[PDB]
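*Asks:* just dropping in an experimental structure and the matching sequence.
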Amino acid sequence: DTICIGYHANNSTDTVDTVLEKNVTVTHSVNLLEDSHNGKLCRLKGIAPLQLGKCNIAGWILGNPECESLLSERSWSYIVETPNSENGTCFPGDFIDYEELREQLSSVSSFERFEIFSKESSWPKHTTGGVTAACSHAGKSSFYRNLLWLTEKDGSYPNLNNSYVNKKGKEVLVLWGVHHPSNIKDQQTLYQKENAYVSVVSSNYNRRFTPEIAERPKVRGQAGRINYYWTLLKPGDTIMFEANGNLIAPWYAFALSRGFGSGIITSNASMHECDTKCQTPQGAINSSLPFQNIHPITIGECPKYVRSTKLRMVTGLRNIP
Amino acid sequence: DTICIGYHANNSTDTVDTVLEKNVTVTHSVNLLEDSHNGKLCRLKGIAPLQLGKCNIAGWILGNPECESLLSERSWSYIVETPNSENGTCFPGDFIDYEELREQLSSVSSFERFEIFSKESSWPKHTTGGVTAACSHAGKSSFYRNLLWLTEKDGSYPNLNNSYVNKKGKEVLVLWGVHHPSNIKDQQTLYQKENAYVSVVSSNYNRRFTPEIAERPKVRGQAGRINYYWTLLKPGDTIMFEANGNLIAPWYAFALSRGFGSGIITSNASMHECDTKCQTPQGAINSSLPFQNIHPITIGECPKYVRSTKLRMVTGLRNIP
Amino acid sequence: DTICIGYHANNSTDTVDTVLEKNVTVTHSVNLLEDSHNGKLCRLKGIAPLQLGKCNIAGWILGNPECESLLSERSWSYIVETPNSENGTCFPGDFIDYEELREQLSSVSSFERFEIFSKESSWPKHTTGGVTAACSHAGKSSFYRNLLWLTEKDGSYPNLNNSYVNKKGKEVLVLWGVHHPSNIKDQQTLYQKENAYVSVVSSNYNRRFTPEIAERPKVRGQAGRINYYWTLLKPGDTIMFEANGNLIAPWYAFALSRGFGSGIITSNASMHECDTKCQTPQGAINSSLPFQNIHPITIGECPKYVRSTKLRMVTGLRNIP
Amino acid sequence: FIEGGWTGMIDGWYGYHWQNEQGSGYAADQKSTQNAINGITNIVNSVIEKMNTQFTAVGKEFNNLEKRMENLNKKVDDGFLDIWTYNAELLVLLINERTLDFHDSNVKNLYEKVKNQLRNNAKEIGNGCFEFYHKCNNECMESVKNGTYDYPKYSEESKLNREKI
Amino acid sequence: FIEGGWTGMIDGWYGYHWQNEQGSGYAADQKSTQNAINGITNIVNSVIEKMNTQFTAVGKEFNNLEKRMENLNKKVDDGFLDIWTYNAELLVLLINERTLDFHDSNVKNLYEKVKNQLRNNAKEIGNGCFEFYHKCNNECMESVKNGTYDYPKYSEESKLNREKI
Amino acid sequence: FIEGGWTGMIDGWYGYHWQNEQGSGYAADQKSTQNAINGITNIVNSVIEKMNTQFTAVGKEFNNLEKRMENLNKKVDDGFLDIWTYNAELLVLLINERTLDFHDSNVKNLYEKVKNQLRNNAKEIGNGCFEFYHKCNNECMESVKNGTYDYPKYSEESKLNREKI
Amino acid sequence: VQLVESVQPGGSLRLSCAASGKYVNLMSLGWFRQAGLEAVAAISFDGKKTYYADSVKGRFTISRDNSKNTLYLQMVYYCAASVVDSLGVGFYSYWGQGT
Amino acid sequence: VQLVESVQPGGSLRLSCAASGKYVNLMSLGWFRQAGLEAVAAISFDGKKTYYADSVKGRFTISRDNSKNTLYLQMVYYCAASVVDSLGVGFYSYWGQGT
Ligand SMILES: *[C@@H]1O[C@H](CO)[C@@H](O[C@@H]2O[C@H](CO)[C@@H](O[C@@H]3O[C@H](CO)[C@@H](O)[C@H](O)[C@@H]3O)[C@H](O)[C@H]2NC(C)=O)[C@H](O)[C@H]1NC(C)=O
Ligand SMILES: *[C@@H]1O[C@H](CO)[C@@H](O[C@@H]2O[C@H](CO)[C@@H](O[C@@H]3O[C@H](CO)[C@@H](O)[C@H](O)[C@@H]3O)[C@H](O)[C@H]2NC(C)=O)[C@H](O)[C@H]1NC(C)=O
Ligand SMILES: *[C@@H]1O[C@H](CO)[C@@H](O[C@@H]2O[C@H](CO)[C@@H](O[C@@H]3O[C@H](CO)[C@@H](O)[C@H](O)[C@@H]3O)[C@H](O)[C@H]2NC(C)=O)[C@H](O)[C@H]1NC(C)=O
Ligand SMILES: *[C@@H]1O[C@H](CO)[C@@H](O[C@@H]2O[C@H](CO)[C@@H](O[C@@H]3O[C@H](CO)[C@@H](O)[C@H](O)[C@@H]3O)[C@H](O)[C@H]2NC(C)=O)[C@H](O)[C@H]1NC(C)=O
Ligand SMILES: *[C@@H]1O[C@H](CO)[C@@H](O[C@@H]2O[C@H](CO)[C@@H](O[C@@H]3O[C@H](CO)[C@@H](O)[C@H](O)[C@@H]3O)[C@H](O)[C@H]2NC(C)=O)[C@H](O)[C@H]1NC(C)=O
Ligand SMILES: *[C@@H]1O[C@H](CO)[C@@H](O[C@@H]2O[C@H](CO)[C@@H](O)[C@H](O)[C@H]2NC(C)=O)[C@H](O)[C@H]1NC(C)=O
Ligand SMILES: *[C@@H]1O[C@H](CO)[C@@H](O)[C@H](O)[C@H]1NC(C)=O
Ligand SMILES: *[C@@H]1O[C@H](CO)[C@@H](O)[C@H](O)[C@H]1NC(C)=O
Ligand SMILES: *[C@@H]1O[C@H](CO)[C@@H](O)[C@H](O)[C@H]1NC(C)=O
Ligand SMILES: *[C@@H]1O[C@H](CO)[C@@H](O)[C@H](O)[C@H]1NC(C)=O
Ligand SMILES: *[C@@H]1O[C@H](CO)[C@@H](O)[C@H](O)[C@H]1NC(C)=O
Ligand SMILES: *[C@@H]1O[C@H](CO)[C@@H](O)[C@H](O)[C@H]1NC(C)=O
Ligand SMILES: *[C@@H]1O[C@H](CO)[C@@H](O)[C@H](O)[C@H]1NC(C)=O
Ligand SMILES: *[C@@H]1O[C@H](CO)[C@@H](O)[C@H](O)[C@H]1NC(C)=O
Ligand SMILES: *[C@@H]1O[C@H](CO)[C@@H](O)[C@H](O)[C@H]1NC(C)=O
Ligand SMILES: *[C@@H]1O[C@H](CO)[C@@H](O)[C@H](O)[C@H]1NC(C)=O
Ligand SMILES: *[C@@H]1O[C@H](CO)[C@@H](O)[C@H](O)[C@H]1NC(C)=O
Ligand SMILES: *[C@@H]1O[C@H](CO)[C@@H](O)[C@H](O)[C@H]1NC(C)=O
């Protein structure tokens, strides 16, 4: 008669690594590294994303004609661009402090897009709605939807004197532009004066702009330039616009609602009606392991990214049949 | 006869955690985390701090009337602000490169507030000592203490011509401003010409300023603005001021003496006569333990900060009565 | 008749540290810290570096007369400056975005230097080759080698009109300058106008300059200043120059070829014909160990820097003879 | 000592194996397995607890004149990634060896506990298996499992049969 | 093996217990306790020295149009805090595990030292105590602790007493 | 167990020493020291693998109006340097402790291997050494090293000689 | 780790001991005397607790305070530090020069 | 970890062994021969020290240098590597193909 001790051994294949040993076979092990994903865009906690299609942040904010479908969206969890995003500023120029605007917009959960200056009645003594062939839509010449191009009426370009008092309860994002013709003939035909200024002031912002007329290389087919600017109005604050010429006045502004956990990602994936807790640009890592090696960019409570190819822990015995 | 071997058992109930076990009872333990503090702003190596109190860096350096008491200070160990430090630039405007000045002042151990240009005989052809209601003192209009406002005399405003040669053995922090009236009437009434300029040049500084006249929202009751600038003269260097108008001329400057271990903190604690080696906004720290969970901000040789709530270590046997 | 067990013991004096005991003598140990060097600048992966000697990046790019010898170099692995290198801008003035240019040049592996504009035929109507005593060479007044100073001809100074099409397959670095005389008399004598302008434009660049005239402290004997600017041309892009005065025209440009692993370092060491895989501003590294403590700055594949003075691993037993 | 595990132990990391007149079979040990799984669950919980979540690690954009800032942000991101990759791999190696050390200690503790229970009333074999000097039925085997091997009652025969050696 | 610690002993960490015809009580072992204290003090010095002092880490202000730099600075601060919090907690776990194993090894080493000294002159018991087969007075007991237990001076006379069992 | 290391043995870390009527000398257990230096190599391999190569790490220049960014760059460089100095020193300490514990374990395992191979046929002297109850010529002395000691070939003589003990 | 320290038929004499060496502040201190060596009193860190020998009978209030990390004893003698908050003779490793 | 290597009644013949595999540069290297197996010569990292068998009698100067991490022996044979700075046979684990 005999009794004796032992331990469990079975025909498993998992292998783990120790400090002294490598490729040691074990009975049961926990995979601590995620390496799979569903590969889609998903509803992050019940709120759908903002699906910027052809156009990027510049074309979304300025109102590029090629993505007019974005004007009905009002709230989102994260902004998703595509590598094929190119329909930003249709008219060549420089978007001043554009990276800062992207930083500001990465923390916005929703906004209310409203008409800051009524096109039909705010500019009684000017010509409203100039169009450019660089921003053509449906075969006709067109222009942004959020910015209004002002010119002379009846042979004169009077002074502009307009302001907006932020009686919304939230920050309002105001955008405008300034034009830089290529020759004095265009300046005279448009604004009827060679020297012009643009002045923008608020309780916190103050700046003065002057046009610069010079011949330049052609971009998008145009020899001129438009420079775009922006400021954030604090509640109860007033923004004043004064210009002798070269103004591209605002038409639509955004009352911004701040949030947490949002951001901007660039992805080629598609969208489907699925809830997820973690989202990479590649697909949802909907798993509970501590580490992942799929992508460093994340939105939500995601596992920590490590360049490792595997991380397996021992939750069992050595096996030696 | 019998002999036996064992280990110590104690009626003390310290508990510790390990990799395999949690809440293990040990006879002795040492806490590696400090959580107690004096709760007062103490003296650091024998030198009292610069308790700004009501005013902040901007008001302290421009010398606004509300904290004239600080003008007798010459040496300190660290600068202390308070949550209600609201008195800065009493006249609305933009303090340009303000955060750079704060970083520069974060290394100064002392300075000498000396008079670069004498108000009595350095501007013989101009009116000296203008006042404004935005910097009221004792119910009577006043202005900054370290800057001088210059204005026409006898219906004229001659060109400014003054320059200063740094015969001090240290760097001199020079402060000035450029005034931007609200309308042409104020420009004419004060300086007697619509187009004016200010040019400040040194051996490594060169910049020109021009007024900008526009209607602005009233901040602190004024529709004008003063943009405040600064530069650091190198020892032996010369600085030249030229102005056709719109100059808030320098009056007092600071011969800076650099140092180590200084900084700016925001604290609500009270002052006391005790000495310390480490200081936090919460209070002083009187222990040599390796860790800390009081505040990330530190001045002096402070223990390292960690988010842990307990970091006990075992220095005794296991407790199994 | 006996047999039994033991272990090796030798004459070693190597000492290692453990968690419980310090200064333990071990039979065999591997030092993991490298501290030995040869103290020379060596060729990195078969390509020699760019030694600037007297000049710095500003003097080398702007063609300072003392840098005439460097004009024949084409390719390098890294740029080396010396502590005694002070021949930069021989004419006083600010080099705008100078640190960005150093960052750009840190990633360049080669460059071809060509005459962007011809001194003999591209400026018919202006006098070319002004000289100054601040940039003297060989006992005579001289000027930069990559820049050309333009001046009136026969009492006139017509508008400049030149441009360039980048038909190279690479980025082209264009440099120029704007001259800021000290008084109106110099302006009139040199350019025959009081108010002048300079405008540079491309598909990606747009900028205008205006002179500033005012008495300044003498640096190198000059009360005037020349500001230096630069831009990078994309392939197929065109750069246009306009100026009625105060232009320090470009004469030689550079075509940039990008590369990986380059950098700029400040070194006092000599040069020799030897190969290395790791290099420091002190000397070469000749080792496979994982850590080093020679210098933080490195070029190539170098061991990680650590402040430790000794890191010894135990690859043997305790030595207890 | 123990030359590999038993493949006939369907249940339990650790257990026993016996043969007598009433048959043979395998059976797990409740307390030893409970202690082992408790210890390992603590390591898993610590790994999951002490490693916080990665909230919104989105990117950033820079101009062509902001190359220095862009390289600084890239250096920050790469440095943190390299540190946490090193921490993750070191942690996994550390917790792995303790588990294999914890499992070995648990089995050895079981072996010594059985030896002390039998109180040198059985021949000891290096493979980890004891041979009684007396007849041992299922009640005797369960008594060994129950930690209450009745030495005084069984020692009566051993006092004689052990002299057979 | 040992069934818990002693509450009666006051001096020392590891100690002995004895009762004979001329007294009873406890006594600590100075040599073992002092070495252990040196080991723990070494760990304490290592943890204090290998951790650097936070010389000065005051805050920083950023302009409205410098939020990218503000977030980068915030990211740097949070990242270092997370790394140091993780290092501090993991270090504490490692030192605690080593210290507790160190105490257990020390007790076992002394137990082996007692065994080597006595060399089967006493009947070893599971609880860790040694019951002699011979008379052992205070001088004998003191010699056991001092490490000067003369074997023949106590062994031979115990032969008949042990055989009588 | 063993008072100290040997100085005459040079063939390896672990080895035996023996004496008989035919001769005496030293020898190293090739299997054991191979299994040991494999472990050391794995440690060395891990260190060099986890410690990624440090590529170009040149500095940056900052304008006089860029002191904040200069300090932020300085903070990042100092912080990573402090973290990596801590990681390097801690790793060395952990590796050294494990290696020395590993070596102690091997010596003990080798000692037990010799004891078990002899089937408790030789008296344990303590001191780390054995004394045989039977004469063991060079053939037997080599047999214990090969791990194929034949106990029954000497049991009768060993039992016969034990009577005089 | 170190410490520095510095009779008649009547009254009591005060003596003090000062911490020395690396961050001794974290260690407990006690006092000893020799005529054999024996403990007299100990104080834990931050003055949490005090222990005394049988001869003290609860007199000789010990304290420690700021100035030079000193401790005082009052109504050859040596002081030592230990990392264990106990008066046990065995826990002391660093000793003074005696006075 | 690996290594690669490549007679008459007169003179002496040069032969060389070269490091192979993962950063063997860190590892000590030596020579061996079989008719049984026995060591001949060995050299440390950085060429700090050299060791020989009894037959060498101090002849046959050994050396190594950067080029191809090669080492040379001159006035079946194998070469092997070891972490340990010694000539002992037992220390060596990774072996060449023999030549
Ligand atoms: C939105 O973005 C798209 C894509 O970037 C723009 O379409 C592109 O427009 C350019 C300029 O008209 C096209 O280049 C032209 O292509 C024709 C051949 O089709 C060639 O003959 C011309 O010489 C010129 O190179 C380009 O092909 C076209 N790409 C596509 C895919 O249609 C569009 O203009 C943008 N719209 C707005 C409002 O920004
Ligand atoms: C995201 O991933 C989690 C898991 O990481 C998913 O939760 C899993 O959901 C499935 C159902 O879709 C569950 O499977 C079912 O569980 C019951 C339990 O009695 C069983 O009877 C069924 O046969 C089936 O296995 C599963 O338990 C649950 N949890 C896990 C860990 O798998 C989740 O559905 C995924 N999607 C979302 C939107 O969360
Ligand atoms: C120094 O700072 C203090 C506090 O920031 C300033 O006192 C505050 O001054 C403002 C402007 O005068 C006061 O606001 C006004 O309050 C009245 C009601 O009393 C209201 O009718 C006005 O429309 C306006 O909102 C504010 O009450 C006052 N607060 C306190 C606590 O006194 C002070 O003016 C600053 N002084 C300098 C020289 O900068
Ligand atoms: C290249 O750099 C060298 C210096 O590294 C320049 O030579 C230096 O020029 C300065 C200013 O002209 C000299 O300082 C002056 O020296 C005179 C004495 O002659 C003294 O009276 C003045 O007060 C002032 O200190 C300096 O001595 C001189 N150094 C040497 C070694 O010659 C040189 O001009 C630069 N060349 C170019 C083309 O940038
Ligand atoms: C370092 O700073 C701390 C804080 O001031 C000092 O510790 C404080 O010391 C006093 C005096 O012992 C403690 O008060 C006492 O409390 C006991 C009960 O614990 C009570 O019986 C006494 O009446 C007395 O009130 C106080 O609790 C203690 N506070 C802390 C946070 O430890 C310490 O003396 C300073 N040491 C050095 C060297 O700077
Ligand atoms: C690089 O390493 C090689 C080999 O370790 C070095 O060459 C040896 O240098 C020592 C002095 O440090 C001399 O005594 C040896 O004689 C050299 N070897 C030979 C084969 O001659 C070399 O010095 C190191 N440095 C460089 C720059 O090569
Ligand atoms: C192990 O082998 C058995 C047959 O011997 C088989 O039934 C079983 O599925 C195997 N284990 C696994 C995990 O497949
Ligand atoms: C471990 O296994 C991998 C293949 O899965 C192999 O490439 C590697 O060399 C092995 N390492 C060891 C030490 O066995
Ligand atoms: C024009 O500006 C003045 C301020 O100078 C303001 O009072 C007036 O309302 C403005 N006119 C319009 C139509 O807004
Ligand atoms: C982009 O998405 C489309 C549609 O899903 C797909 O056909 C294409 O392969 C994707 N491109 C890349 C680079 O993944
Ligand atoms: C431990 O118990 C004793 C009495 O047995 C008591 O005097 C002492 O105060 C207790 N310990 C503590 C810390 O209270
Ligand atoms: C151990 O300690 C605290 C309460 O003292 C609590 O967080 C915890 O759940 C307790 N037990 C375990 C296993 O954590
Ligand atoms: C200004 O100062 C200079 C000396 O620096 C002097 O020559 C000149 O006459 C002064 N006045 C004017 C108008 O320049
Ligand atoms: C600030 O200190 C005052 C005075 O002690 C106290 O009343 C107030 O609650 C404190 N507030 C904060 C936020 O610390
Ligand atoms: C150790 O050194 C001594 C001299 O200090 C020497 O006699 C002895 O031979 C050395 N041992 C070895 C193994 O080289
Ligand atoms: C002993 O340790 C001290 C302190 O670290 C050190 O200065 C000294 O060099 C060490 N001695 C030896 C022989 O390593
Ligand atoms: C100016 O440049 C344009 C563009 O090349 C050219 O057409 C024109 O003839 C030039 N005029 C002069 C005066 O150089
Ligand atoms: C550079 O080297 C030279 C020559 O050895 C020496 O005179 C000079 O002081 C050194 N300078 C520096 C900064 O190392």
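*Replies:* On my side now, so go ahead. Numbering: from 1, shown residues only, chains lettered A, B, ... in the order given. Ligands and ions are numbered 1, 2, ... in the order given.
*Asks:* and the residue of the stretch 1-150 of chain A found nearest chain D, how far from residue D:42?
*Replies:* Residue of the stretch 1-150 of chain A nearest chain D, by C-beta to the nearest C-beta: residue A:9 (2.8 Å). Backbone N, C-alpha and C define where each C-beta goes, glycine included. The gap separating residue A:9 from residue D:42 is 24 Å, by C-beta to C-beta, to the nearest Å.
*Asks:* and residue A:223, by the same measure?
*Replies:* 72 Å.
*Asks:* surely residue D:79 touches residue F:76?
*Replies:* Yes. The pair residue D:79 / residue F:76 is scored as a contact, 7.4 Å apart, by C-beta atoms under 8 Å.
*Asks:* confirm that residue D:143 sits in a helix.
*Replies:* Yes. Counting by DSSP: H, G, I helix; E, B strand; the rest coil, residue D:143 is found in a helix.
*Asks:* that one and residue D:137 touch, don't they?
*Replies:* No. Residue D:143 lies out of contact with residue D:137 (C-beta under 8 Å); the separation is 9.7 Å.
*Asks:* geometric centre of the chain: which residue is closest?
*Replies:* This is for chain A. residue A:57 (4.1 Å; C-alpha atoms, centre = their mean).
*Asks:* could you do chain D instead?
*Replies:* Nearest to chain D centroid, counting by C-alpha atoms, centre = their mean: residue D:103, 2.4 Å.
*Asks:* contact partners for that one?
*Replies:* By C-beta atoms under 8 Å, 6 or more residues apart in numbering or on different chains, residue D:103 lies in contact with A:7, A:317, A:318, D:13, D:36.
*Asks:* and residue A:198, by the same measure?
*Replies:* A:178, A:208, A:209, A:210, A:241, A:242, A:243, A:244, A:245, A:246, A:247.
*Asks:* so the first one: helix, strand or coil?
*Replies:* Three-state secondary structure (criterion: three-state DSSP) places residue A:178 in strand.
*Asks:* all helices for chain D, in order.
*Replies:* With DSSP state H as the definition, chain D shows helices at residue ranges D:30-50, D:67-118, D:138-145, D:151-161.
*Asks:* for the first one, packing partners?
*Replies:* Helices and strands touching helix D:30-50, by 3 or more C-beta pairs under 8 Å, 6 or more residues apart in numbering or on different chains; DSSP states H and E, are strand A:312-314, strand D:14-20, helix D:67-118, helix E:67-118.
*Asks:* now the residue nearest to the centre of chain A. Nearest residue, chain neighbours left out?
*Replies:* residue A:102 (5.6 Å; C-beta to C-beta, 6 or more residues apart in numbering or on different chains).
*Asks:* pretty sure the one you found belongs to a helix, no?
*Replies:* Yes. Under three-state DSSP, residue A:102 sits within a helix.
*Asks:* how many neighbours does it have?
*Replies:* 20 (other C-beta atoms under 10 Å in any protein chain shown).
*Asks:* before we move on, what about residue A:194?
*Replies:* 12.
*Asks:* give me the distance between it and residue B:214.
*Replies:* From residue A:194 to residue B:214 the distance is 21 Å (C-beta to C-beta).
*Asks:* that older thread, surely the residue nearest to residue A:57 touches residue A:264?
*Replies:* Yes. Using C-beta under 8 Å, residue A:102 is in contact with residue A:264, at 6.6 Å.
*Asks:* residue of chain D closest to ligand 5, please.
*Replies:* residue D:50 (28.9 Å; C-beta to the nearest ligand atom).
*Asks:* just chain A next, same as before
*Replies:* Closest point on chain A to ligand 5, by C-beta to the nearest ligand atom, is residue A:260, at 36.9 Å.
*Asks:* okay, and that residue sits in which element?
*Replies:* Taking DSSP states H and E as the definition, residue A:260 sits outside all helices and strands.
*Asks:* ok, and the closest non-adjacent residue to it?
*Replies:* Using C-beta to C-beta, 6+ apart, the nearest residue to residue A:260 is residue A:107, at 7.5 Å.
*Asks:* hmm, residue A:264 and that neighbour touching each other?
*Replies:* No. Contact between residue A:107 and residue A:264 fails when scored by C-beta under 8 Å: they sit 10.3 Å apart.
*Asks:* higher neighbour count, those two?
*Replies:* Per other C-beta under 10 Å, whichever of residue A:107 and residue A:264 has more neighbours is residue A:264, with 22 against 16.
*Asks:* give me the beta-bridge partners of the more buried one?
*Replies:* Beta-bridge pairing for residue A:264 (DSSP bridges): residue A:79.
*Asks:* kindly report the same for residue A:278.
*Replies:* Under the criterion used (DSSP bridges), residue A:278 bridges to residue A:300.
*Asks:* now do the contacts for it.
*Replies:* A:284, A:285, A:286, A:287, A:298, A:299, A:300, A:301, A:302, A:303.
*Asks:* what do you get for residue G:21?
*Replies:* Counted by C-beta under 8 Å, 6+ apart, residue G:21 has contacts G:1, G:2, G:94.
*Asks:* assess the claim that the second one and residue G:93 are in contact.
*Replies:* No. With contact defined as C-beta under 8 Å, residue G:2 does not count as touching residue G:93 (11.1 Å).
*Asks:* with neighbour numbers in mind, choose between those two.
*Replies:* Counted by other C-beta under 10 Å, residue G:2 and residue G:93 do not tie: residue G:93 has more neighbours, with 18 against 14.
*Asks:* what's the spacing between the more buried one and chain E?
*Replies:* 5 Å (C-beta to the nearest C-beta, to the nearest Å).
*Asks:* any idea how far the closest residue to that residue other than its chain neighbours lies from residue B:10?
*Replies:* Leaving aside its sequence neighbours, residue G:93 sits nearest to residue E:37 (C-beta to C-beta, 6+ apart; 5.5 Å). Applying C-beta to C-beta, the value for residue E:37 to residue B:10 is 16 Å.
*Asks:* same check, this time on residue A:183
*Replies:* 94 Å.
*Asks:* what about the two, which has more around it?
*Replies:* residue B:10 (19 against 13).
*Asks:* show me where the chain has its helices.
*Replies:* In the absence of a named chain, chain A is used. Going by DSSP H, chain A shows helices at A:57-62, A:98-105, A:184-191.
*Asks:* counting by contacts, list what the shortest one packs against.
*Replies:* Using 3+ C-beta pairs under 8 Å, 6+ apart as the contact criterion, the neighbours of helix A:57-62 among helices and strands are helix A:98-105, strand A:171-180.
*Asks:* tell me which of those lies nearest to ligand 6.
*Replies:* Closest among these, using C-beta to the nearest ligand atom: helix A:98-105, at 46.7 Å.
*Asks:* so what touches the closest one?
*Replies:* A:57-58, A:61, A:79, A:95, A:173, A:228, A:230, A:232, A:264, D:60-63, D:66, E:65, E:67-68, E:71.
*Asks:* so which residue of chain D comes closest to chain A?
*Replies:* For chain D, C-beta to the nearest C-beta, closest residue to chain A: residue D:5, 2.8 Å.
*Asks:* now the closest residue to residue A:88 other than its chain neighbours: how far from residue D:61?
*Replies:* In this structure, residue A:88 finds its nearest non-sequential neighbour in residue A:58, 3.4 Å apart by C-beta to C-beta, 6+ apart. Distance, residue A:58 to residue D:61, by C-beta to C-beta: 11 Å.
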